[PDB]
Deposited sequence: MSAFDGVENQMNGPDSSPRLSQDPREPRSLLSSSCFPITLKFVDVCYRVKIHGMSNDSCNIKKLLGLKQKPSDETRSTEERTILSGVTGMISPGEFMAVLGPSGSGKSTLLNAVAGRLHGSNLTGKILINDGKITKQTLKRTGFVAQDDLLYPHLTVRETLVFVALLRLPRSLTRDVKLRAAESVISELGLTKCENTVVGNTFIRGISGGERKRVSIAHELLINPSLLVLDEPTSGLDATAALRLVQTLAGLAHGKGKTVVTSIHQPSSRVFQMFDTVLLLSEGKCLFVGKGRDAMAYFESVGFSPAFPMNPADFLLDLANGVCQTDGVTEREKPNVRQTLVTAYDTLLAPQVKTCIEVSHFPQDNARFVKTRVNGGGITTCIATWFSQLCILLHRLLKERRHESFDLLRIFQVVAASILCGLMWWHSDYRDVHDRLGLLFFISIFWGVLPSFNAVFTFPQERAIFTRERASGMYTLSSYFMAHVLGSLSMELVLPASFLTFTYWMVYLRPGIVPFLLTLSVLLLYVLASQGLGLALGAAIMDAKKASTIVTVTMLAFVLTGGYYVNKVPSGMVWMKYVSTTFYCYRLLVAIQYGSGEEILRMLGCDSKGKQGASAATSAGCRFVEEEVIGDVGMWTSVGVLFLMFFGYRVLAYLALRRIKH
């Protein structure tokens, strides 16, 4: 049993405005202190300066975890439940808390110890009768808002903390769900010997009955500390009583808001209670934990990258483009050299626009969950990036491989096993090379509407210079095809279906320079392959360096 006594002595916090000034108190092992105050009084700045997420020059004052300063050994026993709940919406409640248990608990334990620690906090917080329910956010409909907060508390109870610092847990709940939530926070402060500190926004009449001690901030100058049942007995002494039946938490916020008065209760506290508050004061251990962090992060996000890959409005978009492409070029003749190349350029526009546009929403949408979880240990951005690289290498190759299996034998392309699997290999390498353009642009620009416009303009300049629409490019724009991804896929597709124009010039008898300039071209088959590999790796190295630059 390691309990924490906590004492902050005269904490100040300016920002460039004074938010906190002279806040002093103590929090004991085994008490449930609630921090009351109006909005903009400095409640949430006091919780961040106590949990340890704020230190520097803007802060001023001694914050003492068990008579000593805050070192990083204490932060493993200190939890902070922030105001917003960032959970993946397709995992169940048991799946959410088991993946967090493997990632957060140390690797000295077995996989059965770290699995029984995740089904103990399910029974502690009362999540047993929803443990197979999907979490959901607003569209993947799941657990309630009062059980979404209990999952976010269970993230911080898996490491068994001694000081649990919550930041407005009862905001947005009922009067019943917000009473039962405080009934459990009072449970694991009187039975577990913990030290719970919270900040309630507007307590009801019997939520306020459950507080051991109350700290009341006016606009950053600490009107009252002490017990909750002795709150209005102190204000009767200075001469402030309610004139009608009030909730005692309503009467306190009306003193801190100027409706009853602020300066008269600063000088009353500073001479009567603020005096005596001072009186009680390797290559198999560096590598194996990366490949286990990767293996859990890849198995966790399989369900996330399954509804953003096999969306039923994206399967329909590829089923429709297979039937249309399969009907317009149905039983096509390879001696029509102009329509066979417009088929192979439709495959290059469709499978460069569709992967690069969908990949640009991947990193903006997970910036908040990655920031909260990387700062909490739990991974190191290179096992997070390499689980998004590998997790979308596997899922994004099922729809282009089913487009081509359908529309290769109906369209009468080049018959055989080796012409089929060379066309399939070039199409899958082009989907992965163009997907990384969307990853590198969505990570450099962490907005998703500002980056869907730059990947639209880039894919339009890639298609216009890709080899088919314009044949007489002006002399100052012939360089732009060499940076184009579409130019190297389309030159490879024509080289598989036609070769070096030898059989087609015999059958056409044109050996009329139409088929010498469109089927042979400029780049070889190995220069075209080795630039689609340089754009595979190179557009994912640029997406990693973009994500280092954010700080998150």
In sequence order, what intervals of the deposited sequence carry no C-alpha positions?
1 to 34, 51 to 80, 325 to 336, 358 to 377, 608 to 621
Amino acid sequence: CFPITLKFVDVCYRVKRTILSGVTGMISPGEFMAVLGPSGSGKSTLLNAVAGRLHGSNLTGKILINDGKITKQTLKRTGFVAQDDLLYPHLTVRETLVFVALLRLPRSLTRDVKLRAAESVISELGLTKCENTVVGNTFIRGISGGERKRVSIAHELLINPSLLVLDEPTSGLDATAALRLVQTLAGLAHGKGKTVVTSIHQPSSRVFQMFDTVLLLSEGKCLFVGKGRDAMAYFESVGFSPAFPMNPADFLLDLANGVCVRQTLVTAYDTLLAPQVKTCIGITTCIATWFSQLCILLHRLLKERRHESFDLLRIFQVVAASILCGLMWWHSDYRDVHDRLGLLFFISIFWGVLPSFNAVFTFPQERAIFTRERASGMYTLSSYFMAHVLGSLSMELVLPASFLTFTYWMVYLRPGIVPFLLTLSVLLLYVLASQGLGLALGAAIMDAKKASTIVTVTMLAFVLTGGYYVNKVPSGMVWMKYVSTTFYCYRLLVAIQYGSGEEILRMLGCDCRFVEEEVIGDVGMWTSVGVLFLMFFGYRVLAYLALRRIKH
From here on, numbers count along this sequence of modelled residues.
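Only the largest set of C-alpha atoms that superpose within 1.5 Å between the two forms is called the rigid core.
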Higher-deviation segment by CA RMS in 6 other deposited structures of this protein, core fitted, 303 to 311 or 96 to 104
303 to 311
516 to 524 against 490 to 498 - segment lying farther from this form in 6 other deposited structures of this protein (CA RMS, rigid core fit)
516 to 524
Can you check if, in at least a third of the other PDB entries compared, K278 has no modelled coordinates?
yes
In a third or more of the other entries compared, is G509 missing its coordinates?
yes
